[PDB]
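Visitor: So I've got this file, start_6.txt, and it contains compact mmCIF, N, CA, C and O atoms:
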```txt
# COMPACT_ATOMS: atom_id res chain seq x y z
N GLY A 1 52.78 45.36 -10.50
CA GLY A 1 51.76 44.52 -11.17
C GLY A 1 52.36 43.28 -11.76
O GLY A 1 53.44 42.86 -11.34
N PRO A 2 51.70 42.63 -12.72
CA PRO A 2 52.08 41.31 -13.21
C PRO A 2 53.23 41.37 -14.19
O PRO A 2 53.65 40.31 -14.64
N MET A 3 53.75 42.58 -14.53
CA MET A 3 54.87 42.75 -15.42
C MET A 3 56.06 43.09 -14.55
O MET A 3 56.12 42.68 -13.39
N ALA A 4 57.02 43.87 -15.10
CA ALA A 4 58.20 44.32 -14.40
C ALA A 4 57.85 45.61 -13.70
O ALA A 4 57.23 45.60 -12.64
N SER A 5 58.22 46.77 -14.31
CA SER A 5 57.86 48.08 -13.83
C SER A 5 56.62 48.45 -14.60
O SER A 5 56.65 48.62 -15.82
N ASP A 6 55.48 48.55 -13.88
CA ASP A 6 54.19 48.75 -14.49
C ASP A 6 53.27 49.25 -13.42
O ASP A 6 53.69 49.54 -12.30
N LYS A 7 51.96 49.38 -13.76
CA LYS A 7 50.93 49.80 -12.84
C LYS A 7 50.43 48.59 -12.12
O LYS A 7 50.59 47.47 -12.59
N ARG A 8 49.80 48.80 -10.94
CA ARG A 8 49.25 47.74 -10.14
C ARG A 8 47.86 47.44 -10.66
O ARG A 8 47.25 48.33 -11.26
N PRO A 9 47.32 46.24 -10.49
CA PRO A 9 45.94 45.92 -10.82
C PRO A 9 45.02 46.55 -9.80
O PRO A 9 44.79 45.96 -8.74
N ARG A 10 44.48 47.75 -10.11
CA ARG A 10 43.60 48.50 -9.25
C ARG A 10 42.29 48.53 -9.99
O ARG A 10 41.48 47.62 -9.86
N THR A 11 42.09 49.58 -10.81
CA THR A 11 41.05 49.70 -11.79
C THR A 11 41.75 49.47 -13.10
O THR A 11 41.29 48.72 -13.95
N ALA A 12 42.91 50.14 -13.25
CA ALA A 12 43.69 50.20 -14.46
C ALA A 12 44.35 48.88 -14.73
O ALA A 12 44.81 48.19 -13.82
N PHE A 13 44.37 48.51 -16.03
CA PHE A 13 44.92 47.27 -16.52
C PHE A 13 46.29 47.58 -17.03
O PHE A 13 46.64 48.74 -17.24
N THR A 14 47.09 46.52 -17.26
CA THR A 14 48.37 46.62 -17.92
C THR A 14 48.25 45.78 -19.15
O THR A 14 47.17 45.29 -19.47
N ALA A 15 49.36 45.61 -19.91
CA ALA A 15 49.35 45.00 -21.21
C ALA A 15 49.09 43.52 -21.14
O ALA A 15 48.56 42.94 -22.08
N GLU A 16 49.46 42.89 -20.00
CA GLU A 16 49.33 41.47 -19.79
C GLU A 16 47.96 41.13 -19.27
O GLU A 16 47.51 39.99 -19.41
N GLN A 17 47.26 42.12 -18.67
CA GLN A 17 45.94 41.93 -18.12
C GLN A 17 44.95 42.01 -19.26
O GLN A 17 44.12 41.12 -19.42
N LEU A 18 45.08 43.07 -20.10
CA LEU A 18 44.33 43.30 -21.31
C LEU A 18 44.43 42.15 -22.29
O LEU A 18 43.43 41.80 -22.90
N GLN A 19 45.63 41.54 -22.43
CA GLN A 19 45.94 40.45 -23.33
C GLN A 19 45.03 39.27 -23.12
O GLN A 19 44.46 38.73 -24.07
N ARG A 20 44.87 38.88 -21.84
CA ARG A 20 44.04 37.79 -21.38
C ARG A 20 42.59 38.02 -21.73
O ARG A 20 41.91 37.11 -22.20
N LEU A 21 42.08 39.26 -21.51
CA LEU A 21 40.69 39.59 -21.71
C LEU A 21 40.30 39.63 -23.16
O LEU A 21 39.15 39.37 -23.48
N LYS A 22 41.25 39.96 -24.06
CA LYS A 22 41.03 40.03 -25.49
C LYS A 22 40.94 38.65 -26.08
O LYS A 22 40.26 38.44 -27.08
N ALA A 23 41.62 37.68 -25.44
CA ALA A 23 41.63 36.29 -25.84
C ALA A 23 40.31 35.64 -25.49
O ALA A 23 39.83 34.78 -26.22
N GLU A 24 39.70 36.08 -24.36
CA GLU A 24 38.41 35.61 -23.91
C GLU A 24 37.32 36.20 -24.76
O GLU A 24 36.43 35.48 -25.19
N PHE A 25 37.41 37.53 -25.04
CA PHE A 25 36.47 38.34 -25.78
C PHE A 25 36.25 37.82 -27.18
O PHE A 25 35.13 37.89 -27.70
N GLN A 26 37.32 37.29 -27.81
CA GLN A 26 37.34 36.80 -29.16
C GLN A 26 36.39 35.65 -29.36
O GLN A 26 35.64 35.62 -30.33
N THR A 27 36.38 34.70 -28.39
CA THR A 27 35.50 33.56 -28.41
C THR A 27 34.15 34.00 -27.91
O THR A 27 33.19 34.10 -28.67
N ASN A 28 34.09 34.26 -26.59
CA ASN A 28 32.90 34.57 -25.86
C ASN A 28 33.01 36.00 -25.41
O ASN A 28 33.84 36.34 -24.57
N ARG A 29 32.11 36.86 -25.93
CA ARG A 29 31.94 38.20 -25.42
C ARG A 29 31.12 38.16 -24.16
O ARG A 29 31.17 39.09 -23.35
N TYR A 30 30.35 37.06 -23.98
CA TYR A 30 29.46 36.83 -22.89
C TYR A 30 30.26 36.38 -21.70
O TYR A 30 30.47 35.19 -21.48
N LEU A 31 30.72 37.37 -20.90
CA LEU A 31 31.36 37.14 -19.64
C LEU A 31 30.27 36.95 -18.63
O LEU A 31 29.22 37.59 -18.70
N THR A 32 30.50 36.02 -17.68
CA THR A 32 29.54 35.59 -16.69
C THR A 32 30.00 36.16 -15.40
O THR A 32 31.15 36.57 -15.30
N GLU A 33 29.12 36.20 -14.38
CA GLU A 33 29.45 36.72 -13.07
C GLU A 33 30.36 35.77 -12.32
O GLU A 33 31.01 36.17 -11.35
N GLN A 34 30.42 34.49 -12.76
CA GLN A 34 31.13 33.43 -12.08
C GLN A 34 32.54 33.36 -12.58
O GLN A 34 33.47 33.17 -11.80
N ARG A 35 32.74 33.51 -13.91
CA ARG A 35 34.04 33.48 -14.53
C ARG A 35 34.74 34.79 -14.30
O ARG A 35 35.95 34.80 -14.11
N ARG A 36 33.97 35.90 -14.28
CA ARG A 36 34.41 37.24 -13.92
C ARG A 36 35.03 37.30 -12.55
O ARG A 36 35.95 38.07 -12.31
N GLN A 37 34.53 36.44 -11.63
CA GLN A 37 34.96 36.33 -10.26
C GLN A 37 36.34 35.75 -10.16
O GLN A 37 37.09 36.01 -9.22
N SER A 38 36.70 34.93 -11.17
CA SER A 38 37.96 34.23 -11.25
C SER A 38 38.98 35.10 -11.92
O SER A 38 40.17 34.98 -11.63
N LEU A 39 38.55 36.01 -12.82
CA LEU A 39 39.44 36.94 -13.49
C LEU A 39 39.85 38.00 -12.50
O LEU A 39 40.94 38.56 -12.57
N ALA A 40 38.94 38.28 -11.53
CA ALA A 40 39.12 39.24 -10.48
C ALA A 40 40.11 38.75 -9.47
O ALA A 40 40.81 39.53 -8.83
N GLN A 41 40.19 37.41 -9.29
CA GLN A 41 41.07 36.80 -8.33
C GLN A 41 42.48 36.84 -8.83
O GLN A 41 43.42 37.09 -8.07
N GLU A 42 42.66 36.56 -10.15
CA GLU A 42 43.94 36.17 -10.70
C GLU A 42 44.71 37.32 -11.25
O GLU A 42 45.93 37.38 -11.07
N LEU A 43 44.02 38.28 -11.92
CA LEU A 43 44.62 39.52 -12.35
C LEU A 43 44.85 40.36 -11.12
O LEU A 43 45.82 41.10 -11.04
N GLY A 44 43.94 40.18 -10.14
CA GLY A 44 44.04 40.80 -8.84
C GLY A 44 43.28 42.08 -8.85
O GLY A 44 43.65 43.05 -8.19
N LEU A 45 42.17 42.09 -9.61
CA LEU A 45 41.27 43.22 -9.74
C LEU A 45 40.10 42.95 -8.84
O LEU A 45 40.18 42.16 -7.90
N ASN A 46 38.96 43.62 -9.12
CA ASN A 46 37.67 43.29 -8.57
C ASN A 46 36.87 42.85 -9.76
O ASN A 46 37.37 42.83 -10.89
N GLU A 47 35.60 42.47 -9.53
CA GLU A 47 34.70 42.02 -10.57
C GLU A 47 34.27 43.18 -11.41
O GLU A 47 34.18 43.09 -12.63
N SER A 48 34.02 44.31 -10.72
CA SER A 48 33.42 45.52 -11.23
C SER A 48 34.27 46.21 -12.26
O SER A 48 33.74 46.92 -13.12
N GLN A 49 35.61 46.02 -12.23
CA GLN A 49 36.55 46.66 -13.11
C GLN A 49 36.47 46.06 -14.49
O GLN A 49 36.55 46.77 -15.49
N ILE A 50 36.31 44.72 -14.55
CA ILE A 50 36.33 43.92 -15.75
C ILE A 50 34.94 43.86 -16.33
O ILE A 50 34.77 43.59 -17.51
N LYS A 51 33.91 44.15 -15.50
CA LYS A 51 32.52 44.23 -15.89
C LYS A 51 32.35 45.35 -16.86
O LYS A 51 31.78 45.18 -17.94
N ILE A 52 32.90 46.52 -16.47
CA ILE A 52 32.95 47.76 -17.19
C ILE A 52 33.68 47.58 -18.50
O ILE A 52 33.22 48.05 -19.53
N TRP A 53 34.83 46.88 -18.46
CA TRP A 53 35.68 46.59 -19.60
C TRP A 53 34.92 45.85 -20.68
O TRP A 53 35.00 46.22 -21.85
N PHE A 54 34.15 44.80 -20.31
CA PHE A 54 33.44 43.95 -21.23
C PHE A 54 32.25 44.67 -21.83
O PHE A 54 31.92 44.45 -22.99
N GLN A 55 31.60 45.58 -21.06
CA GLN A 55 30.45 46.33 -21.50
C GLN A 55 30.82 47.39 -22.50
O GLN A 55 30.03 47.72 -23.39
N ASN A 56 32.05 47.94 -22.39
CA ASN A 56 32.57 48.99 -23.22
C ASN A 56 32.94 48.44 -24.57
O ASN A 56 32.66 49.06 -25.59
N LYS A 57 33.57 47.24 -24.58
CA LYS A 57 34.07 46.55 -25.74
C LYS A 57 32.97 46.10 -26.66
O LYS A 57 33.07 46.23 -27.88
N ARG A 58 31.90 45.57 -26.06
CA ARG A 58 30.69 45.15 -26.74
C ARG A 58 29.91 46.31 -27.31
O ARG A 58 29.14 46.14 -28.24
N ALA A 59 30.11 47.53 -26.75
CA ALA A 59 29.43 48.73 -27.18
C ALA A 59 30.15 49.41 -28.32
O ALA A 59 29.66 50.40 -28.85
N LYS A 60 31.33 48.88 -28.75
CA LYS A 60 32.11 49.44 -29.83
C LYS A 60 31.55 49.01 -31.16
O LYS A 60 31.66 49.73 -32.15
N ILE A 61 30.94 47.79 -31.21
CA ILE A 61 30.48 47.14 -32.40
C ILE A 61 29.29 47.86 -32.99
O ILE A 61 28.69 48.71 -32.34
N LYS A 62 28.94 47.51 -34.24
CA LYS A 62 27.82 48.06 -34.96
C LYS A 62 26.62 47.22 -34.62
O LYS A 62 26.24 46.31 -35.35
N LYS A 63 26.00 47.54 -33.46
CA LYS A 63 24.82 46.91 -32.94
C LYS A 63 23.71 47.93 -33.04
O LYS A 63 23.84 48.94 -33.74
N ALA A 64 22.56 47.66 -32.37
CA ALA A 64 21.35 48.45 -32.49
C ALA A 64 21.45 49.67 -31.62
O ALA A 64 21.62 50.78 -32.12
N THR A 65 21.35 49.48 -30.28
CA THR A 65 21.40 50.53 -29.30
C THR A 65 22.86 50.86 -29.06
O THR A 65 23.74 50.13 -29.50
N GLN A 66 23.14 52.01 -28.38
CA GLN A 66 24.46 52.53 -28.12
C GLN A 66 25.08 52.99 -29.42
O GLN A 66 24.68 54.02 -29.97
N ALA A 67 26.05 52.21 -29.96
CA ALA A 67 26.64 52.45 -31.26
C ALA A 67 25.83 51.63 -32.28
O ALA A 67 24.62 51.93 -32.45
```
Please, can you express the file's structure as structure tokens?

Guide:
Amino acid sequence: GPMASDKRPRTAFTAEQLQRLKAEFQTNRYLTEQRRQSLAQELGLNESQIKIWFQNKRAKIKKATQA
């Protein structure tokens, strides 16, 4: 993967992949299908992997439905 000895960008993320997404999440939690497509290209994931990631993170907060 994008580190030294680590996991490959499949479904599972590594520390450098997660790092990028947390920096995006901080500003805009609202990930788009278009920007998601570019995160999929560069981390070397698919769209669907990071889609799940963003939906889970937003569901952690003290909102109405879910949590």

Visitor: Is it possible to get the residues within 10 Å of (52.4, 50.1, -18.5) (coordinates as in the file, counting only C-alpha atoms) written as a list in words?

Guide: residues 1, 3, 4, 5, 6, 7, 8, 12, 13, 14, 15 and 16 of chain A

Visitor: Calculate how many Å separate CA of residue 23 (chain A) from CA of residue 64 (chain A), rounding to one decimal.

Guide: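 Separation between CA of residue 23 (chain A) and CA of residue 64 (chain A): 24.6 Å.
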
Visitor: Just the number, please: distance in Å from atom N of residue 10 (chain A) to CA of residue 45 (chain A), one decimal.

Guide: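 About the pair atom N of residue 10 (chain A) and CA of residue 45 (chain A): they are 5.6 Å apart.
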
Visitor: Calculate how many Å separate atom N of residue 46 (chain A) from atom O of residue 62 (chain A), rounding to one decimal.

Guide: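 Calculated distance between atom N of residue 46 (chain A) and atom O of residue 62 (chain A) is 29.3 Å.
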
Visitor: Kindly provide, as a VMD selection string, the polymer residues lying within 8 Å of (34.9, 41.2, -31.5), counting all atoms listed in the file and using the coordinates exactly as they appear in the file.

Guide: chain A and resid 22 25 to 27 29 57 to 58 61

Visitor: So that I can check the surroundings of residue 50 (chain A), please list as a VMD selection string every protein, DNA and RNA residue that reaches within 7 Å of it, counting all atoms listed in the file and ignoring chain neighbours fewer than 4 positions away.

Guide: chain A and resid 11 36 46 54 to 55

Visitor: Write out as number ranges by chain the set of residues from chain A that DSSP, computed on the backbone, places in helix (DSSP H, G or I).

Guide: A: 15-27, 36-42, 47-58

Visitor: Those same residues - N, CA, C and O atoms - I'd like them written as a CSV table (one decimal), keeping the file's coordinate frame.

Guide:
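Contents of selection-v3.csv, freshly written:
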```csv
chain,number,residue,atom,x,y,z
A,15,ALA,N,49.4,45.6,-19.9
A,15,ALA,CA,49.4,45.0,-21.2
A,15,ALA,C,49.1,43.5,-21.1
A,15,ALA,O,48.6,42.9,-22.1
A,16,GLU,N,49.5,42.9,-20.0
A,16,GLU,CA,49.3,41.5,-19.8
A,16,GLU,C,48.0,41.1,-19.3
A,16,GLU,O,47.5,40.0,-19.4
A,17,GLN,N,47.3,42.1,-18.7
A,17,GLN,CA,45.9,41.9,-18.1
A,17,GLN,C,45.0,42.0,-19.3
A,17,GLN,O,44.1,41.1,-19.4
A,18,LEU,N,45.1,43.1,-20.1
A,18,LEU,CA,44.3,43.3,-21.3
A,18,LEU,C,44.4,42.2,-22.3
A,18,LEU,O,43.4,41.8,-22.9
A,19,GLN,N,45.6,41.5,-22.4
A,19,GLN,CA,45.9,40.4,-23.3
A,19,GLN,C,45.0,39.3,-23.1
A,19,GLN,O,44.5,38.7,-24.1
A,20,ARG,N,44.9,38.9,-21.8
A,20,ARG,CA,44.0,37.8,-21.4
A,20,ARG,C,42.6,38.0,-21.7
A,20,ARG,O,41.9,37.1,-22.2
A,21,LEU,N,42.1,39.3,-21.5
A,21,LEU,CA,40.7,39.6,-21.7
A,21,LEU,C,40.3,39.6,-23.2
A,21,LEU,O,39.2,39.4,-23.5
A,22,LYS,N,41.2,40.0,-24.1
A,22,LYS,CA,41.0,40.0,-25.5
A,22,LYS,C,40.9,38.6,-26.1
A,22,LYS,O,40.3,38.4,-27.1
A,23,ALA,N,41.6,37.7,-25.4
A,23,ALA,CA,41.6,36.3,-25.8
A,23,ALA,C,40.3,35.6,-25.5
A,23,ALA,O,39.8,34.8,-26.2
A,24,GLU,N,39.7,36.1,-24.4
A,24,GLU,CA,38.4,35.6,-23.9
A,24,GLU,C,37.3,36.2,-24.8
A,24,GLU,O,36.4,35.5,-25.2
A,25,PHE,N,37.4,37.5,-25.0
A,25,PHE,CA,36.5,38.3,-25.8
A,25,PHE,C,36.2,37.8,-27.2
A,25,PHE,O,35.1,37.9,-27.7
A,26,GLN,N,37.3,37.3,-27.8
A,26,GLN,CA,37.3,36.8,-29.2
A,26,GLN,C,36.4,35.6,-29.4
A,26,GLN,O,35.6,35.6,-30.3
A,27,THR,N,36.4,34.7,-28.4
A,27,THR,CA,35.5,33.6,-28.4
A,27,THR,C,34.2,34.0,-27.9
A,27,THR,O,33.2,34.1,-28.7
A,36,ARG,N,34.0,35.9,-14.3
A,36,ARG,CA,34.4,37.2,-13.9
A,36,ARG,C,35.0,37.3,-12.6
A,36,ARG,O,36.0,38.1,-12.3
A,37,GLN,N,34.5,36.4,-11.6
A,37,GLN,CA,35.0,36.3,-10.3
A,37,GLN,C,36.3,35.8,-10.2
A,37,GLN,O,37.1,36.0,-9.2
A,38,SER,N,36.7,34.9,-11.2
A,38,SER,CA,38.0,34.2,-11.2
A,38,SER,C,39.0,35.1,-11.9
A,38,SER,O,40.2,35.0,-11.6
A,39,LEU,N,38.6,36.0,-12.8
A,39,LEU,CA,39.4,36.9,-13.5
A,39,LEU,C,39.8,38.0,-12.5
A,39,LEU,O,40.9,38.6,-12.6
A,40,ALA,N,38.9,38.3,-11.5
A,40,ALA,CA,39.1,39.2,-10.5
A,40,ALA,C,40.1,38.8,-9.5
A,40,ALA,O,40.8,39.5,-8.8
A,41,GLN,N,40.2,37.4,-9.3
A,41,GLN,CA,41.1,36.8,-8.3
A,41,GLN,C,42.5,36.8,-8.8
A,41,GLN,O,43.4,37.1,-8.1
A,42,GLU,N,42.7,36.6,-10.2
A,42,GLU,CA,43.9,36.2,-10.7
A,42,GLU,C,44.7,37.3,-11.2
A,42,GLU,O,45.9,37.4,-11.1
A,47,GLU,N,35.6,42.5,-9.5
A,47,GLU,CA,34.7,42.0,-10.6
A,47,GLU,C,34.3,43.2,-11.4
A,47,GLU,O,34.2,43.1,-12.6
A,48,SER,N,34.0,44.3,-10.7
A,48,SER,CA,33.4,45.5,-11.2
A,48,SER,C,34.3,46.2,-12.3
A,48,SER,O,33.7,46.9,-13.1
A,49,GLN,N,35.6,46.0,-12.2
A,49,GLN,CA,36.6,46.7,-13.1
A,49,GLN,C,36.5,46.1,-14.5
A,49,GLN,O,36.6,46.8,-15.5
A,50,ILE,N,36.3,44.7,-14.6
A,50,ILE,CA,36.3,43.9,-15.8
A,50,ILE,C,34.9,43.9,-16.3
A,50,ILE,O,34.8,43.6,-17.5
A,51,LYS,N,33.9,44.2,-15.5
A,51,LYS,CA,32.5,44.2,-15.9
A,51,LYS,C,32.4,45.4,-16.9
A,51,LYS,O,31.8,45.2,-17.9
A,52,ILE,N,32.9,46.5,-16.5
A,52,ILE,CA,33.0,47.8,-17.2
A,52,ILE,C,33.7,47.6,-18.5
A,52,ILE,O,33.2,48.0,-19.5
A,53,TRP,N,34.8,46.9,-18.5
A,53,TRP,CA,35.7,46.6,-19.6
A,53,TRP,C,34.9,45.8,-20.7
A,53,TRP,O,35.0,46.2,-21.8
A,54,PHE,N,34.2,44.8,-20.3
A,54,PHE,CA,33.4,44.0,-21.2
A,54,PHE,C,32.2,44.7,-21.8
A,54,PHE,O,31.9,44.4,-23.0
A,55,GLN,N,31.6,45.6,-21.1
A,55,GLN,CA,30.4,46.3,-21.5
A,55,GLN,C,30.8,47.4,-22.5
A,55,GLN,O,30.0,47.7,-23.4
A,56,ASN,N,32.0,47.9,-22.4
A,56,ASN,CA,32.6,49.0,-23.2
A,56,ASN,C,32.9,48.4,-24.6
A,56,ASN,O,32.7,49.1,-25.6
A,57,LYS,N,33.6,47.2,-24.6
A,57,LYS,CA,34.1,46.6,-25.7
A,57,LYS,C,33.0,46.1,-26.7
A,57,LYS,O,33.1,46.2,-27.9
A,58,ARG,N,31.9,45.6,-26.1
A,58,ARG,CA,30.7,45.2,-26.7
A,58,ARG,C,29.9,46.3,-27.3
A,58,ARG,O,29.1,46.1,-28.2
```
